[PDB]
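In what follows, a single structure is set out as structure tokens and then discussed.
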Amino acid sequence: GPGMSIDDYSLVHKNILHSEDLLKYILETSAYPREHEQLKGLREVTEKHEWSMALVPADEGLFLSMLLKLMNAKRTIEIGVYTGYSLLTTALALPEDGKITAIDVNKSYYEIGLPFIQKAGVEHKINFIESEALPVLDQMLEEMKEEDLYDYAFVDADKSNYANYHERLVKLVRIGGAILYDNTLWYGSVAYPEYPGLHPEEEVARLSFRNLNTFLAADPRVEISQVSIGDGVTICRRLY
Amino acid sequence: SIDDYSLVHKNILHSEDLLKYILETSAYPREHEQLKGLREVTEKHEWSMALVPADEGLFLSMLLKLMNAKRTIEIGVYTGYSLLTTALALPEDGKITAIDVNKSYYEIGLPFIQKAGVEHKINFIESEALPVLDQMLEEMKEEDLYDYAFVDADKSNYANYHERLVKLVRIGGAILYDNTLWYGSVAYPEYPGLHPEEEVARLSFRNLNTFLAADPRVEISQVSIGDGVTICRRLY
Ligand SMILES: Nc1ncnc2c1ncn2[C@@H]1O[C@H](CSCC[C@H](N)C(=O)O)[C@@H](O)[C@H]1O
Ligand SMILES: Nc1ncnc2c1ncn2[C@@H]1O[C@H](CSCC[C@H](N)C(=O)O)[C@@H](O)[C@H]1O
Ligand SMILES: [Mg+2]
Ligand SMILES: [Mg+2]
């Protein structure tokens with residue numbers, strides 16, 4: 001992936017909705033008119049970037065923003081930033097004193113979106129950490145206190161590692177807090193045990209998501225809602 | 001058992017297999033036993049096309065719990081699938097005002113609501129929703145404003161419901177409109193083969209979607225789940 005080729009991914013032209021016309025209707029009617037001008041700018045630059053397949057889309061973004069506001073989130077973690085579309089979405093949603101821990105192995109991607117984040121006036125909310133996510137989460141587990149738990153986590157980093165992220169995040173997000181997993185329908189390819197013609201890295205991701213979806217549905221630590229928005233977003237709410 | 005409407009079996013997702021995967025993997029294992037029972041009786045009913053689907057149900061429940069909703073209003077109950085979802089999501093002392101013109105539909109699902117132990121949270125009003133909302137407006141105290149409203153009744157009246165509901169939910173409260181993609185038929189100016197009532201609803205949703213996207217009193221998110229759900233959050 002953007003982490004560690006573009007040619008290894010064979011489904012980038014697929015969408016989970018029944019037609020591109022329906023997706024374009026949602027974007028033009030309901031998403032783009034509500035998208036911050038700096039999110040638009042960041043999106044348009046990123047659409048030209050070689051890894052644009054990884055970009056969180058605008059209708060999904062407004063849904064993330066809505067969830068953040070409805071749950072009155074204040075402290076969040078963003079895992080897998082890329083050029084920062086979902087991160088800027090989060091920073092604009094949070095109150096003025098909101099705080100985001102943002103983690104990505106590749107800070108050069110973040111620097112593409114950083115001028116839009118800065119012009120949006122919300123960079124002060126963001127503590128960006130350039131690292132693989134798991135060691136950072138493991139260190140947070142050692143140092144965290146109960147009153148500093150996160151309200152919300154958005155997970156959108158190495159697809160094969162979501163299950164390992166989950167085991168840390170169910171302890172780092174507060175009870176009643178939210179953990180969101182991005183891309184859980186993987187272009188619709190999760191719908192079959194076997195699926196033709198994927199390169200090995202993409203098949204690893206597809207199988208990881210089939211296993212994750214089954215696991216999350218059985219996991220008593222959370223309630224879940226798998227939402228057919230974007231490429232599938234699974235919302236988890238921590239029960240205990 | 002043949003629907004008069006044209007669109008009932010159309011999916012907004014790209015295949016029935018994809019929808020089935022979501023439901024079987026992520027919805028049915030998480031569906032309360034009484035919701036399963038209520039759904040299974042409703043599937044055989046003449047108007048089963050109107051039933052809120054199980055993946056949408058879990059999404060409504062998640063929103064209610066994440067926003068810590070305590071007092072809600074449900075407009076368009078039918079056999080009660082979304083109503084029972086709401087009642088199970090709310091705390092033990094939660095309260096719902098449920099409104100439907102047809103109480104006979106409610107009584108189809110009421111035994112399952114009762115067995116779930118949540119009927120006490122529900123005040124069911126048999127009426128057209130608009131006069132009820134008009135009457136609420138005249139008596140509603142600011143401290144009694146609803147946390148959450150689910151709108152799923154007469155499609156052509158959604159705009160009229162909105163003008164009342166933006167004054168009956170609290171600041172920061174949620175108004176959800178069901179069916180705002182209308183089987184995907186809203187995506188085009190014209191759409192052949194529809195029942196006249198279906199076309200009325202389709203044009204109403206195209207107008208509503210445009211209006212909500214420009215309404216300064218709310219933020220919105222249109223979500224491609226079920227038949228489309230537009231979440232509104234009241235700003236002032
Ligand atoms: N092990 C890892 N730890 C942290 N980040 C990782 C990682 N492996 C890959 N990544 C990063 O995960 C990101 C996936 S794309 C993220 C998209 C972004 N959320 C958006 O709003 O568009 C890439 O930026 C990649 O650099
Ligand atoms: N003017 C009106 N006022 C109140 N209810 C109305 C109405 N017109 C139609 N309805 C009701 O709206 C409902 C729409 S179907 C609602 C589905 C239900 N929410 C579910 O979870 O499955 C029907 O029960 C119908 O009787
Ligand atoms: Mg993603
Ligand atoms: Mg409906």
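Here, A, B, ... name the chains of the structure tokens in the order displayed, residue numbers run from 1 inside each chain, and ligands are numbered from 1 in the same displayed order.
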
For this session: Write out as a ChimeraX atom specification the residues lying within 10 Å of residue 164 of chain B, counting only C-alpha atoms and excluding same-chain residues fewer than 4 positions away.
Result: /B:130,133-134,136-137,159-160,168-169

What would the file look like if the residues just selected were written as a compact mmCIF listing (two decimals), in the first residue's frame with N, CA and C atoms?
# COMPACT_ATOMS: atom_id res chain seq x y z
N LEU B 130 -48.41 15.22 11.50
CA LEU B 130 -48.30 16.68 11.46
C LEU B 130 -49.11 17.36 12.56
N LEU B 133 -47.23 17.00 15.83
CA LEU B 133 -46.08 17.90 15.93
C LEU B 133 -46.51 19.35 16.11
N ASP B 134 -47.57 19.78 15.41
CA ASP B 134 -48.09 21.13 15.62
C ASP B 134 -48.49 21.35 17.08
N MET B 136 -47.39 19.62 19.72
CA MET B 136 -46.18 19.62 20.54
C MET B 136 -45.50 20.98 20.54
N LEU B 137 -45.44 21.62 19.37
CA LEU B 137 -44.79 22.93 19.27
C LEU B 137 -45.37 23.92 20.26
N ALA B 159 -40.60 17.37 4.22
CA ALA B 159 -40.25 18.79 4.36
C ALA B 159 -41.12 19.47 5.42
N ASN B 160 -42.40 19.12 5.46
CA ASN B 160 -43.27 19.67 6.50
C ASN B 160 -42.86 19.15 7.88
N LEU B 168 -38.30 21.01 17.64
CA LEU B 168 -38.66 20.06 18.69
C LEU B 168 -37.49 19.22 19.19
N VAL B 169 -36.36 19.19 18.47
CA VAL B 169 -35.15 18.54 18.97
C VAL B 169 -34.25 19.61 19.57

Problem set entry | ligand 2 neighbours within 7 Å using only C-alpha atoms and all ligand atoms, as a list in words |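 For ligand 2, the residues inside 7 Å are residues 50, 51, 52, 75, 76, 77, 78, 79, 80, 81, 82, 83, 99, 100, 101, 102, 105, 127, 128, 129, 130, 152, 153 and 154 of chain B.
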
With C-alpha atoms retained, could you export that selection as a compact mmCIF listing (two decimals), in the first residue's frame?
# COMPACT_ATOMS: atom_id res chain seq x y z
CA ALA B 50 -41.35 -0.51 4.23
CA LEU B 51 -39.37 -2.38 6.90
CA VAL B 52 -36.15 -0.79 8.14
CA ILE B 75 -42.44 9.15 13.24
CA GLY B 76 -43.63 6.23 11.13
CA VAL B 77 -43.65 3.07 13.24
CA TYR B 78 -45.22 0.39 11.00
CA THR B 79 -44.68 -2.92 12.84
CA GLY B 80 -42.10 -1.32 15.13
CA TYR B 81 -38.64 -2.49 13.99
CA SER B 82 -36.95 0.91 14.30
CA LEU B 83 -39.04 1.68 17.41
CA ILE B 99 -46.50 8.27 16.10
CA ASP B 100 -48.23 6.34 13.33
CA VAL B 101 -51.53 6.79 11.54
CA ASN B 102 -52.14 3.00 11.68
CA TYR B 105 -49.47 -2.22 12.12
CA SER B 127 -52.57 9.97 14.41
CA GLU B 128 -51.24 11.67 11.35
CA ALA B 129 -47.91 13.05 12.55
CA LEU B 130 -48.30 16.68 11.46
CA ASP B 152 -39.95 7.41 8.35
CA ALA B 153 -43.60 8.22 7.61
CA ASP B 154 -45.35 9.76 4.55

Exercise. Which residues of chain B are close to chain A, meaning at most 6 Å apart when you count only C-alpha atoms, and how do they look as JSON, numbers by chain?
Worked result: {"B": [12, 13, 14, 18, 21, 26, 58, 59, 66, 67, 187, 213, 221, 224, 225]}

For this session: Find the residue from B:114, B:157, B:61, B:11 that sits nearest to residue 183 of chain B; use only C-alpha atoms when measuring.
Result: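 Ranking B:114, B:157, B:61, B:11 by distance to residue 183 of chain B, first place goes to B:11.
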
Problem set entry | Test item: residues no farther than 12 Å from ligand 3, counting only C-alpha atoms and all ligand atoms, as a ChimeraX atom specification | /A:1-2,51-57,60-61,78-87,154-159,162,180-187,205,229-234

Residue subset to file, keeping C-alpha atoms, as a short mmCIF file (atom, residue, chain, number, x, y, z; two decimals), in the first residue's frame:
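Result written to selection29.cif:
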data_model
loop_
_atom_site.label_atom_id
_atom_site.label_comp_id
_atom_site.auth_asym_id
_atom_site.auth_seq_id
_atom_site.Cartn_x
_atom_site.Cartn_y
_atom_site.Cartn_z
CA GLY A 1 0.00 0.00 0.00
CA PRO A 2 1.12 3.58 0.57
CA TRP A 51 -1.93 6.80 -3.96
CA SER A 52 -5.31 8.53 -4.41
CA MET A 53 -7.05 5.13 -4.14
CA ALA A 54 -6.44 5.36 -0.37
CA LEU A 55 -8.23 8.69 0.14
CA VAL A 56 -11.26 8.74 2.45
CA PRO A 57 -14.15 10.06 0.27
CA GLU A 60 -17.65 9.27 4.41
CA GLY A 61 -15.81 12.32 5.78
CA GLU A 78 -6.17 8.91 13.98
CA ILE A 79 -4.26 5.88 12.70
CA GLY A 80 -3.31 6.11 9.04
CA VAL A 81 -3.26 9.77 8.02
CA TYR A 82 -2.01 9.78 4.38
CA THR A 83 -2.49 13.39 3.14
CA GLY A 84 -4.81 14.10 6.08
CA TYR A 85 -8.38 14.14 4.77
CA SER A 86 -9.91 12.21 7.65
CA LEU A 87 -7.53 13.97 10.07
CA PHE A 154 -10.24 6.09 13.39
CA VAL A 155 -8.28 3.08 12.09
CA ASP A 156 -7.13 3.31 8.49
CA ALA A 157 -3.50 2.14 8.42
CA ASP A 158 -2.00 -1.27 7.47
CA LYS A 159 -4.98 -3.39 6.49
CA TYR A 162 -6.36 -4.17 12.06
CA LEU A 180 -14.01 3.00 13.57
CA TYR A 181 -12.40 0.60 11.09
CA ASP A 182 -12.09 1.86 7.52
CA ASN A 183 -12.36 -0.23 4.31
CA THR A 184 -14.12 -3.20 5.94
CA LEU A 185 -15.96 -4.18 2.72
CA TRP A 186 -12.74 -3.97 0.59
CA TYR A 187 -14.42 -2.95 -2.68
CA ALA A 205 -5.97 -7.45 3.04
CA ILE A 229 -20.56 4.03 3.34
CA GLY A 230 -17.33 4.68 1.46
CA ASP A 231 -15.64 1.26 1.32
CA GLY A 232 -17.38 0.02 4.48
CA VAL A 233 -16.87 1.52 7.94
CA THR A 234 -17.34 -0.61 11.03
#

Write out as a PDB file with N, CA, C and O atoms, in the first residue's frame all residues of segment 9-216 of chain B that DSSP puts in strand (DSSP E) for this structure's backbone.
ATOM      1  N   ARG B  71     -34.402  10.896  25.332  1.00  0.00           N
ATOM      2  CA  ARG B  71     -35.787  11.160  24.953  1.00  0.00           C
ATOM      3  C   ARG B  71     -35.849  11.296  23.441  1.00  0.00           C
ATOM      4  O   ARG B  71     -35.128  12.112  22.864  1.00  0.00           O
ATOM      5  N   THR B  72     -36.707  10.509  22.801  1.00  0.00           N
ATOM      6  CA  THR B  72     -36.717  10.466  21.342  1.00  0.00           C
ATOM      7  C   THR B  72     -38.137  10.487  20.812  1.00  0.00           C
ATOM      8  O   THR B  72     -39.112  10.288  21.535  1.00  0.00           O
ATOM      9  N   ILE B  73     -38.243  10.740  19.516  1.00  0.00           N
ATOM     10  CA  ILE B  73     -39.516  10.704  18.817  1.00  0.00           C
ATOM     11  C   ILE B  73     -39.319   9.876  17.550  1.00  0.00           C
ATOM     12  O   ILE B  73     -38.283   9.978  16.880  1.00  0.00           O
ATOM     13  N   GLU B  74     -40.291   9.016  17.273  1.00  0.00           N
ATOM     14  CA  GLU B  74     -40.273   8.062  16.175  1.00  0.00           C
ATOM     15  C   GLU B  74     -41.522   8.345  15.358  1.00  0.00           C
ATOM     16  O   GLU B  74     -42.638   8.230  15.873  1.00  0.00           O
ATOM     17  N   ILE B  75     -41.341   8.719  14.097  1.00  0.00           N
ATOM     18  CA  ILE B  75     -42.441   9.150  13.239  1.00  0.00           C
ATOM     19  C   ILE B  75     -42.512   8.153  12.090  1.00  0.00           C
ATOM     20  O   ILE B  75     -41.614   8.107  11.240  1.00  0.00           O
ATOM     21  N   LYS B  95     -37.323   7.506  27.225  1.00  0.00           N
ATOM     22  CA  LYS B  95     -38.699   7.768  26.802  1.00  0.00           C
ATOM     23  C   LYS B  95     -38.782   8.037  25.306  1.00  0.00           C
ATOM     24  O   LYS B  95     -37.991   8.815  24.763  1.00  0.00           O
ATOM     25  N   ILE B  96     -39.768   7.414  24.655  1.00  0.00           N
ATOM     26  CA  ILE B  96     -40.022   7.567  23.219  1.00  0.00           C
ATOM     27  C   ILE B  96     -41.465   7.999  23.013  1.00  0.00           C
ATOM     28  O   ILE B  96     -42.385   7.397  23.575  1.00  0.00           O
ATOM     29  N   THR B  97     -41.664   9.021  22.186  1.00  0.00           N
ATOM     30  CA  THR B  97     -42.967   9.334  21.610  1.00  0.00           C
ATOM     31  C   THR B  97     -43.029   8.737  20.211  1.00  0.00           C
ATOM     32  O   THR B  97     -42.281   9.161  19.324  1.00  0.00           O
ATOM     33  N   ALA B  98     -43.915   7.767  20.014  1.00  0.00           N
ATOM     34  CA  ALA B  98     -44.022   7.037  18.751  1.00  0.00           C
ATOM     35  C   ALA B  98     -45.341   7.406  18.083  1.00  0.00           C
ATOM     36  O   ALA B  98     -46.389   7.351  18.733  1.00  0.00           O
ATOM     37  N   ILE B  99     -45.301   7.780  16.795  1.00  0.00           N
ATOM     38  CA  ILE B  99     -46.496   8.271  16.099  1.00  0.00           C
ATOM     39  C   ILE B  99     -46.684   7.499  14.797  1.00  0.00           C
ATOM     40  O   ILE B  99     -45.772   7.437  13.966  1.00  0.00           O
ATOM     41  N   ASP B 100     -47.881   6.956  14.597  1.00  0.00           N
ATOM     42  CA  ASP B 100     -48.233   6.336  13.326  1.00  0.00           C
ATOM     43  C   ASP B 100     -49.721   6.497  13.110  1.00  0.00           C
ATOM     44  O   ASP B 100     -50.502   6.430  14.062  1.00  0.00           O
ATOM     45  N   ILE B 122     -42.422   3.556  25.816  1.00  0.00           N
ATOM     46  CA  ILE B 122     -43.066   3.994  24.581  1.00  0.00           C
ATOM     47  C   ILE B 122     -44.412   4.616  24.895  1.00  0.00           C
ATOM     48  O   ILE B 122     -45.260   3.985  25.539  1.00  0.00           O
ATOM     49  N   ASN B 123     -44.618   5.834  24.404  1.00  0.00           N
ATOM     50  CA  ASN B 123     -45.941   6.456  24.347  1.00  0.00           C
ATOM     51  C   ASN B 123     -46.362   6.457  22.882  1.00  0.00           C
ATOM     52  O   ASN B 123     -45.863   7.261  22.089  1.00  0.00           O
ATOM     53  N   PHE B 124     -47.270   5.547  22.522  1.00  0.00           N
ATOM     54  CA  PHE B 124     -47.721   5.416  21.139  1.00  0.00           C
ATOM     55  C   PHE B 124     -48.956   6.276  20.899  1.00  0.00           C
ATOM     56  O   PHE B 124     -49.966   6.141  21.599  1.00  0.00           O
ATOM     57  N   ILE B 125     -48.885   7.128  19.883  1.00  0.00           N
ATOM     58  CA  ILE B 125     -49.973   8.033  19.520  1.00  0.00           C
ATOM     59  C   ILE B 125     -50.460   7.632  18.129  1.00  0.00           C
ATOM     60  O   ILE B 125     -49.683   7.657  17.164  1.00  0.00           O
ATOM     61  N   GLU B 126     -51.736   7.264  18.016  1.00  0.00           N
ATOM     62  CA  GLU B 126     -52.310   6.932  16.712  1.00  0.00           C
ATOM     63  C   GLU B 126     -52.880   8.198  16.083  1.00  0.00           C
ATOM     64  O   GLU B 126     -53.946   8.677  16.496  1.00  0.00           O
ATOM     65  N   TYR B 146     -36.386  16.902  22.327  1.00  0.00           N
ATOM     66  CA  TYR B 146     -35.941  15.543  22.075  1.00  0.00           C
ATOM     67  C   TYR B 146     -34.468  15.516  21.718  1.00  0.00           C
ATOM     68  O   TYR B 146     -33.941  16.445  21.099  1.00  0.00           O
ATOM     69  N   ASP B 147     -33.800  14.424  22.103  1.00  0.00           N
ATOM     70  CA  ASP B 147     -32.420  14.212  21.681  1.00  0.00           C
ATOM     71  C   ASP B 147     -32.329  13.754  20.239  1.00  0.00           C
ATOM     72  O   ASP B 147     -31.330  14.029  19.567  1.00  0.00           O
ATOM     73  N   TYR B 148     -33.352  13.062  19.759  1.00  0.00           N
ATOM     74  CA  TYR B 148     -33.251  12.316  18.515  1.00  0.00           C
ATOM     75  C   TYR B 148     -34.643  12.116  17.953  1.00  0.00           C
ATOM     76  O   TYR B 148     -35.578  11.798  18.693  1.00  0.00           O
ATOM     77  N   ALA B 149     -34.761  12.286  16.643  1.00  0.00           N
ATOM     78  CA  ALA B 149     -36.005  12.058  15.926  1.00  0.00           C
ATOM     79  C   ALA B 149     -35.695  11.160  14.745  1.00  0.00           C
ATOM     80  O   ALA B 149     -34.715  11.404  14.043  1.00  0.00           O
ATOM     81  N   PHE B 150     -36.509  10.123  14.537  1.00  0.00           N
ATOM     82  CA  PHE B 150     -36.423   9.284  13.341  1.00  0.00           C
ATOM     83  C   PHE B 150     -37.678   9.501  12.502  1.00  0.00           C
ATOM     84  O   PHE B 150     -38.797   9.288  12.981  1.00  0.00           O
ATOM     85  N   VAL B 151     -37.489   9.928  11.255  1.00  0.00           N
ATOM     86  CA  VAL B 151     -38.582  10.307  10.376  1.00  0.00           C
ATOM     87  C   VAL B 151     -38.676   9.278   9.262  1.00  0.00           C
ATOM     88  O   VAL B 151     -37.751   9.137   8.446  1.00  0.00           O
ATOM     89  N   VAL B 169     -36.360  19.190  18.473  1.00  0.00           N
ATOM     90  CA  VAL B 169     -35.152  18.541  18.973  1.00  0.00           C
ATOM     91  C   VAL B 169     -34.251  19.606  19.574  1.00  0.00           C
ATOM     92  O   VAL B 169     -34.294  20.782  19.197  1.00  0.00           O
ATOM     93  N   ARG B 170     -33.426  19.186  20.522  1.00  0.00           N
ATOM     94  CA  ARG B 170     -32.509  20.105  21.177  1.00  0.00           C
ATOM     95  C   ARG B 170     -31.409  20.579  20.228  1.00  0.00           C
ATOM     96  O   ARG B 170     -31.145  19.983  19.181  1.00  0.00           O
ATOM     97  N   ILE B 171     -30.761  21.678  20.618  1.00  0.00           N
ATOM     98  CA  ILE B 171     -29.518  22.062  19.968  1.00  0.00           C
ATOM     99  C   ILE B 171     -28.518  20.937  20.163  1.00  0.00           C
ATOM    100  O   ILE B 171     -28.370  20.399  21.268  1.00  0.00           O
ATOM    101  N   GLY B 172     -27.880  20.525  19.066  1.00  0.00           N
ATOM    102  CA  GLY B 172     -27.036  19.352  19.066  1.00  0.00           C
ATOM    103  C   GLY B 172     -27.781  18.048  18.891  1.00  0.00           C
ATOM    104  O   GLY B 172     -27.140  16.994  18.761  1.00  0.00           O
ATOM    105  N   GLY B 173     -29.108  18.078  18.887  1.00  0.00           N
ATOM    106  CA  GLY B 173     -29.868  16.863  18.705  1.00  0.00           C
ATOM    107  C   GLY B 173     -29.919  16.434  17.241  1.00  0.00           C
ATOM    108  O   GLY B 173     -29.577  17.182  16.331  1.00  0.00           O
ATOM    109  N   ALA B 174     -30.367  15.196  17.037  1.00  0.00           N
ATOM    110  CA  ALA B 174     -30.317  14.548  15.735  1.00  0.00           C
ATOM    111  C   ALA B 174     -31.711  14.381  15.145  1.00  0.00           C
ATOM    112  O   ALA B 174     -32.646  13.981  15.842  1.00  0.00           O
ATOM    113  N   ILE B 175     -31.844  14.668  13.850  1.00  0.00           N
ATOM    114  CA  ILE B 175     -33.033  14.316  13.084  1.00  0.00           C
ATOM    115  C   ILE B 175     -32.581  13.441  11.919  1.00  0.00           C
ATOM    116  O   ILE B 175     -31.771  13.878  11.086  1.00  0.00           O
ATOM    117  N   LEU B 176     -33.103  12.227  11.849  1.00  0.00           N
ATOM    118  CA  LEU B 176     -32.731  11.289  10.798  1.00  0.00           C
ATOM    119  C   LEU B 176     -33.901  11.102   9.849  1.00  0.00           C
ATOM    120  O   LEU B 176     -35.016  10.810  10.294  1.00  0.00           O
ATOM    121  N   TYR B 177     -33.651  11.252   8.552  1.00  0.00           N
ATOM    122  CA  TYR B 177     -34.679  11.027   7.538  1.00  0.00           C
ATOM    123  C   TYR B 177     -34.391   9.713   6.828  1.00  0.00           C
ATOM    124  O   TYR B 177     -33.300   9.529   6.274  1.00  0.00           O
ATOM    125  N   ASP B 178     -35.363   8.806   6.850  1.00  0.00           N
ATOM    126  CA  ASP B 178     -35.196   7.499   6.225  1.00  0.00           C
ATOM    127  C   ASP B 178     -35.592   7.551   4.756  1.00  0.00           C
ATOM    128  O   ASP B 178     -36.449   8.340   4.362  1.00  0.00           O
TER     129      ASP B 178
END

For this session: Return as an NGL selection string the full set of residues in segment 1-231 of chain B whose backbone-based DSSP assignment is alpha helix (DSSP H).
Result: :B and (16-22 or 33-43 or 54-66 or 81-89 or 103-115 or 129-139 or 158-165 or 196-214)

Written selection (C-alpha atoms) as an mmCIF file, in the first residue's frame:
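Saved file result.cif follows:
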data_model
loop_
_atom_site.group_PDB
_atom_site.id
_atom_site.type_symbol
_atom_site.label_atom_id
_atom_site.label_comp_id
_atom_site.auth_asym_id
_atom_site.auth_seq_id
_atom_site.Cartn_x
_atom_site.Cartn_y
_atom_site.Cartn_z
ATOM 1 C CA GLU B 16 -27.547 -8.768 -3.441
ATOM 2 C CA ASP B 17 -24.564 -10.918 -2.408
ATOM 3 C CA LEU B 18 -22.840 -7.895 -0.860
ATOM 4 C CA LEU B 19 -25.939 -6.931 1.125
ATOM 5 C CA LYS B 20 -26.385 -10.555 2.215
ATOM 6 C CA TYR B 21 -22.767 -10.664 3.406
ATOM 7 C CA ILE B 22 -23.289 -7.569 5.558
ATOM 8 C CA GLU B 33 -34.053 -12.036 19.557
ATOM 9 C CA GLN B 34 -37.216 -9.919 19.641
ATOM 10 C CA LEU B 35 -36.057 -7.829 16.677
ATOM 11 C CA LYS B 36 -35.438 -11.057 14.768
ATOM 12 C CA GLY B 37 -38.945 -12.225 15.651
ATOM 13 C CA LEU B 38 -40.550 -8.893 14.728
ATOM 14 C CA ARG B 39 -38.642 -8.790 11.440
ATOM 15 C CA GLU B 40 -39.603 -12.353 10.515
ATOM 16 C CA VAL B 41 -43.330 -11.688 10.975
ATOM 17 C CA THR B 42 -43.037 -8.375 9.087
ATOM 18 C CA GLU B 43 -41.270 -10.017 6.116
ATOM 19 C CA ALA B 54 -31.295 -5.009 10.069
ATOM 20 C CA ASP B 55 -27.987 -3.336 9.192
ATOM 21 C CA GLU B 56 -29.655 0.080 9.238
ATOM 22 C CA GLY B 57 -31.206 -0.853 12.590
ATOM 23 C CA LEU B 58 -27.821 -1.459 14.224
ATOM 24 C CA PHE B 59 -26.636 1.882 12.831
ATOM 25 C CA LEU B 60 -29.562 3.713 14.419
ATOM 26 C CA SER B 61 -28.845 1.947 17.722
ATOM 27 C CA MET B 62 -25.163 2.921 17.557
ATOM 28 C CA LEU B 63 -25.999 6.598 16.959
ATOM 29 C CA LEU B 64 -28.467 6.606 19.873
ATOM 30 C CA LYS B 65 -25.923 5.101 22.235
ATOM 31 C CA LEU B 66 -22.975 7.231 21.114
ATOM 32 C CA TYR B 81 -38.642 -2.487 13.988
ATOM 33 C CA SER B 82 -36.945 0.909 14.301
ATOM 34 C CA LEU B 83 -39.041 1.680 17.407
ATOM 35 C CA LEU B 84 -37.909 -1.512 19.160
ATOM 36 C CA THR B 85 -34.323 -0.763 18.082
ATOM 37 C CA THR B 86 -34.612 2.658 19.736
ATOM 38 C CA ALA B 87 -36.259 1.300 22.886
ATOM 39 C CA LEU B 88 -33.552 -1.350 23.319
ATOM 40 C CA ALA B 89 -30.799 1.258 22.817
ATOM 41 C CA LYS B 103 -52.087 1.334 15.106
ATOM 42 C CA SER B 104 -53.007 -2.044 13.574
ATOM 43 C CA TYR B 105 -49.473 -2.218 12.123
ATOM 44 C CA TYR B 106 -48.020 -1.467 15.568
ATOM 45 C CA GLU B 107 -49.992 -4.348 17.096
ATOM 46 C CA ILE B 108 -48.275 -6.761 14.677
ATOM 47 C CA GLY B 109 -44.950 -6.089 16.410
ATOM 48 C CA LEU B 110 -46.160 -5.020 19.863
ATOM 49 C CA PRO B 111 -45.923 -8.566 21.361
ATOM 50 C CA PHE B 112 -42.192 -8.603 20.550
ATOM 51 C CA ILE B 113 -41.736 -5.126 22.039
ATOM 52 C CA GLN B 114 -43.485 -6.359 25.185
ATOM 53 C CA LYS B 115 -41.376 -9.513 25.459
ATOM 54 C CA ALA B 129 -47.910 13.045 12.550
ATOM 55 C CA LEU B 130 -48.302 16.675 11.456
ATOM 56 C CA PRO B 131 -51.099 17.709 13.896
ATOM 57 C CA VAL B 132 -49.248 15.924 16.705
ATOM 58 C CA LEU B 133 -46.080 17.900 15.927
ATOM 59 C CA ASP B 134 -48.090 21.132 15.625
ATOM 60 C CA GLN B 135 -49.589 20.473 19.067
ATOM 61 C CA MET B 136 -46.182 19.617 20.536
ATOM 62 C CA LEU B 137 -44.787 22.925 19.273
ATOM 63 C CA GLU B 138 -47.306 24.869 21.339
ATOM 64 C CA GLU B 139 -46.551 23.030 24.596
ATOM 65 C CA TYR B 158 -40.807 15.077 5.041
ATOM 66 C CA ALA B 159 -40.254 18.790 4.360
ATOM 67 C CA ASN B 160 -43.267 19.666 6.498
ATOM 68 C CA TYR B 161 -42.016 17.364 9.280
ATOM 69 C CA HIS B 162 -38.601 19.052 9.134
ATOM 70 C CA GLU B 163 -39.994 22.527 9.784
ATOM 71 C CA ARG B 164 -41.512 21.272 13.035
ATOM 72 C CA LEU B 165 -38.682 18.963 14.071
ATOM 73 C CA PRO B 196 -47.467 7.481 -9.387
ATOM 74 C CA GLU B 197 -47.031 7.530 -5.591
ATOM 75 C CA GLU B 198 -43.432 6.350 -6.037
ATOM 76 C CA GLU B 199 -42.732 9.236 -8.410
ATOM 77 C CA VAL B 200 -44.267 11.691 -5.925
ATOM 78 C CA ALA B 201 -41.899 10.369 -3.249
ATOM 79 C CA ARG B 202 -38.897 10.429 -5.606
ATOM 80 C CA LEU B 203 -39.397 14.102 -6.510
ATOM 81 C CA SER B 204 -39.998 14.936 -2.837
ATOM 82 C CA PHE B 205 -36.669 13.358 -1.881
ATOM 83 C CA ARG B 206 -34.776 15.155 -4.663
ATOM 84 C CA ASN B 207 -36.225 18.448 -3.355
ATOM 85 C CA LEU B 208 -35.567 17.515 0.284
ATOM 86 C CA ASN B 209 -31.974 16.426 -0.331
ATOM 87 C CA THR B 210 -31.207 19.716 -2.084
ATOM 88 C CA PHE B 211 -32.929 21.706 0.677
ATOM 89 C CA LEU B 212 -31.250 19.944 3.604
ATOM 90 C CA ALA B 213 -27.827 20.418 1.995
ATOM 91 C CA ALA B 214 -28.366 24.208 2.104
#

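Distance-wise, atom CA of residue 216 of chain B and atom 1 (Mg, counted along the ligand's line) of ligand 4 end up 25.0 Å apart.
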
For this session: Can you work out the spacing between atom CA of residue 38 of chain A and atom 3 (N, counted along the ligand's line) of ligand 1 in Å, to one decimal?
Result: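 Distance reported for this atom pair: 25.2 Å.
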